[PDB]
Amino acid sequence: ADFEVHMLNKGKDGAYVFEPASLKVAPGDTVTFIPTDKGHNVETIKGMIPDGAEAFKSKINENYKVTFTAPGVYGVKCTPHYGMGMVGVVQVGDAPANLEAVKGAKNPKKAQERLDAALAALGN
Ligand SMILES: [Cu+2]
């Protein structure tokens, strides 16, 4: 199944957001990160991807489709706006096994606030 996450200057959660900021998908599903506003990218956060995955990094303004295969929780960031909390969480599968590793990953304060909230939104 194919899902879409927008990269926005403004959304329901404030400035510089992925919308939705939390998304649960099945293994083998895809997510397209859409440059609805310009100036953003999407890339893997360090320490917030499960074993079996591959890190990725899109270019600014690239409409970027990722197939998520390895079960677990994934943090993603926009590099331009990481410091502003432009992050998202994709959960692949149920009962993610890498929660404690991803909760311990270090992030800018605004990013950590948003990640903690997305994780809790997901019931983690
Ligand atoms: Cu951005």
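Residues numbered from 1 in each chain as written, not as in the entry; some residues may be left out. Heavy atoms only, no water.

In terms of determination method and resolution, the entry is listed under X-ray crystallography at 1.4600 Å.

How should empty space enclosed by the protein be read in this particular structure?
If a probe the size of a water molecule is rolled over the atoms, the empty space left behind becomes visible. Under the criterion given, the structure shown has 1 cavity of 30 Å³ or more. Taken as a whole, the largest cavity encloses approximately 40 Å³ of empty space. Around the largest cavity, the lining residues are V5, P20, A21, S22, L23, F33, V76, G88, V89 and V90. For the lining of the largest cavity, the elements supplying multiple residues, two or more each, are strand 3 (22–25) and strand 8 (87–92). Across the lining of the largest cavity, the residue classes break down as 8 nonpolar, 2 polar and no charged. (1 Å grid on protein atoms, 1.4 Å probe; cavity = no way out; pocket = protein on both sides within 12 Å on 5 of 7 lines; lining within 4 Å. Points joined across faces, edges and corners; volume = space filled by probe spheres on them. Helix = DSSP H or I, 4+ residues; strand = E, 2+ residues; numbered from the N terminus. Nonpolar A, V, L, I, M, F, W, Y, C, P; charged D, E, K, R; others polar.)

Just checking my understanding: could you explain the coordination of the copper ion for this structure?
Geometry reference: four tetrahedral donors at a metal, ideal angle 109.5 degrees. Six octahedral donors, ideal angles 90 or 180 degrees. Taken together, the protein donors to the copper ion comprise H40 (ND1), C78 (SG), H81 (ND1) and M86 (SD), at separations of 2.1 to 2.6 Å. Here the copper ion binds 4 donor atoms, and the angle range of 88 to 130° at the metal identifies the geometry as tetrahedral. Positions of the donor residues of the copper ion, expressed as sequence spacing, correspond to H-x37-C-x2-H-x4-M. You can call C78 buried: its relative accessible area is 0%. (Donors = N, O, S within 2.8 Å, 3.2 Å for Na, K, Ca; no water. Tetrahedral: all angles 85-135°; square planar, octahedral: opposite > 155°, others 65-115°. Buried < 20%, exposed > 50% of the residue type's maximum accessible area, 1.4 Å probe, protein only.)

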